[PDB]
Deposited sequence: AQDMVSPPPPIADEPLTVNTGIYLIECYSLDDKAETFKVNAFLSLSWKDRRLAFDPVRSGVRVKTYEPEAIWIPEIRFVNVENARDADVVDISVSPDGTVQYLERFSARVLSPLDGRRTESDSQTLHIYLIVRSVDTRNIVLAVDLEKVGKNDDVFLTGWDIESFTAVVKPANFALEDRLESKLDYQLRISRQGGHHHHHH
């Protein structure tokens, strides 16, 4: 159950991701790095977890991370692997897994009108599947308009950059 979901004809293993920023803080003295507190959502299909909600009498199943396969996401430009706590893993009748964690990380994206800081994400490859990262924009957001002391957030989006991918989450900021 903890190997990758077996191929489905006609679709890759797409993993949809979103980051919702809760707080950015603690820009260091050189403005090279800063901490981020956020939620990371991931979503993908695992047909082995599909169920009939009519006969089963349920509409959503909850799992513990140890009981199922979960893509391994790596933030590229962070000081250390992020510090994460799983909040929710829930599966729909068709086998869509919705995974939610709260994380903390020190993002390495130096500050140089406005500019663009980056959080880059990749996923670890597996041999039975091609895992592809995508962005679900409904799950991408921010708690407010202030980056941290001195700087506003103009926008926060994500871009699929150069089967595989890397995600480039873009935080556009400007001086107050």
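query: What ranges of the deposited sequence are left out of this structure?
result: Holes in the chain trace, numbered from 1: 1-3, 116-121, 172-179, 194-201.
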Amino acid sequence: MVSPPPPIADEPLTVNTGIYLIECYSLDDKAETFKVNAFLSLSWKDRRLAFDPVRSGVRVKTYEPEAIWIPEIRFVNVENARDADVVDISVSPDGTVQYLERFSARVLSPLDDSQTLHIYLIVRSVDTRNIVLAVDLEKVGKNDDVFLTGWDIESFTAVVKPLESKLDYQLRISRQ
From here on, numbers count along this sequence of modelled residues.
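query: On average, are the C-alpha B-factors higher in 142-150 or in 39-47?
result: The recorded data point to 142-150.
Residue range whose averaged C-alpha B-factor is higher in the record, 6-14 or 19-27: Looking at the recorded C-alpha B-factors, 6-14 comes out higher on average.
- prompt: Which is it among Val107, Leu117, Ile70, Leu137: the one with the largest CA B-factor in the entry?
  reply: Of the options given, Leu137 has the highest CA B-factor in the PDB entry.
task: Classify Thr33 as lowest, middle or highest third according to the C-alpha B-factor given in the PDB entry, relative to its own chain.
output: Bottom third by C-alpha B-factor.
message: Ranking every modelled residue in this chain by its Cα temperature factor as given in the entry, which third contains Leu121?
response: Bottom third by C-alpha B-factor.
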